[PDB]
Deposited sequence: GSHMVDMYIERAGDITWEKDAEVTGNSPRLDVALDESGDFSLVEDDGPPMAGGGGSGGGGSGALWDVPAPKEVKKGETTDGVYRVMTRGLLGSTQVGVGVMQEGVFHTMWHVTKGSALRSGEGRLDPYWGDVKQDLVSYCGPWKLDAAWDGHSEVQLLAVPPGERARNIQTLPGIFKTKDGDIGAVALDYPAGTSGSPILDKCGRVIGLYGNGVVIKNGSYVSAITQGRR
């Protein structure tokens, strides 16, 4: 039994550290007998819930009273969307600072501004934020200066 609950708006913050379909950033929760815990984070935008495939593994999600079914995915890229196509088309410019809107398990959302590093791995040269958050923070949106989601926290971006 797996569900989402809202955690905040998706905003670029000045003064940062350097079923219901409301736009915003959501905790992805799994419950059982003992109780509930966060498996990841996602982004509601234009009526579509975006998270990482490995967070849900294509499970349906309860959203209050309603139920969200997966619409699309890509296991290689580790992406999955609910209710509609992938709406997050923005991308890192390759030079600017970005903001991780990290939403850790059992803690408040927060913006961290940082410059992405480039990691020259074997598979490819990969851009990633040098910020380390607990497991279940995966799917936290990363924002450009215009407030657009340029990626989700967990994997990084191939160039």
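Novice: Tell me, which runs of residues in the deposited sequence have no coordinates at all?
Specialist: Holes in the chain trace, numbered from 1: 1-5, 24-75, 217-230.
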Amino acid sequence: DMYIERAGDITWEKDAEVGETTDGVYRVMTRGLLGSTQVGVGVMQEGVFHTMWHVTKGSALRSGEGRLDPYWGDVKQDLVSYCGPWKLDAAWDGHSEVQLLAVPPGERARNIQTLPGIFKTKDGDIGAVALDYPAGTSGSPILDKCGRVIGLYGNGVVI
From here on, numbers count along this sequence of modelled residues.
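Novice: Can you let me know which of the two, 64-72 or 41-49, has the higher average C-alpha B-factor in the entry?
Specialist: Per the PDB entry, the higher value belongs to 64-72.
Novice: Could you settle it for me: does 7-15 or 143-151 have the higher average Cα B factor in the PDB entry?
Specialist: According to the entry, 7-15 carries the higher average C-alpha B-factor.
Novice: Of the choices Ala102, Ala90, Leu33, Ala128, which one's C-alpha carries the largest B-factor in the record?
Specialist: Across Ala102, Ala90, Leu33, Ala128, the entry lists the biggest C-alpha B-factor for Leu33.
Novice: Is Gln113 in the lowest, middle or highest third of its chain when residues are ranked by C-alpha B-factor?
Specialist: Its C-alpha B-factor, which the entry lists for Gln113, ranks in the lowest third among residues of this chain.
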